[PDB]
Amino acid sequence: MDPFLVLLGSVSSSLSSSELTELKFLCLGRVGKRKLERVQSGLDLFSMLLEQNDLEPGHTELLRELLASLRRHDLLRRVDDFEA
């Protein structure tokens, strides 16, 4: 699943600290407060979601929903290009 990992890494690299805090707030229902405090990048949160099967390479619904919330349609296009 190396392409999915590189997709998650690219999405994480294209995020800001404020966007990271927004994603943390959005994922508070799925990830605890302490684990969210341990998150220092988008890839950390994506890895935690991948360990919980909330985000799979064949089930990108959560990632697309999070990116649609943040209105990051370019990252949505990246995800769609991955789906190809």
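Residue positions are given as counts along the sequence shown, with the first one as 1.
Here 55 to 63 and 31 to 39 are compared by their mean Cα B-factor, and 55 to 63 comes out higher.
Ranked by C-alpha B-factor against the other modelled residues of its chain, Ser17 falls in the lowest third.
Annotation for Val11: C-alpha temperature factor in the lowest third relative to the rest of the modelled chain, per the entry. Ranked by C-alpha B-factor against the other modelled residues of its chain, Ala68 falls in the middle third.
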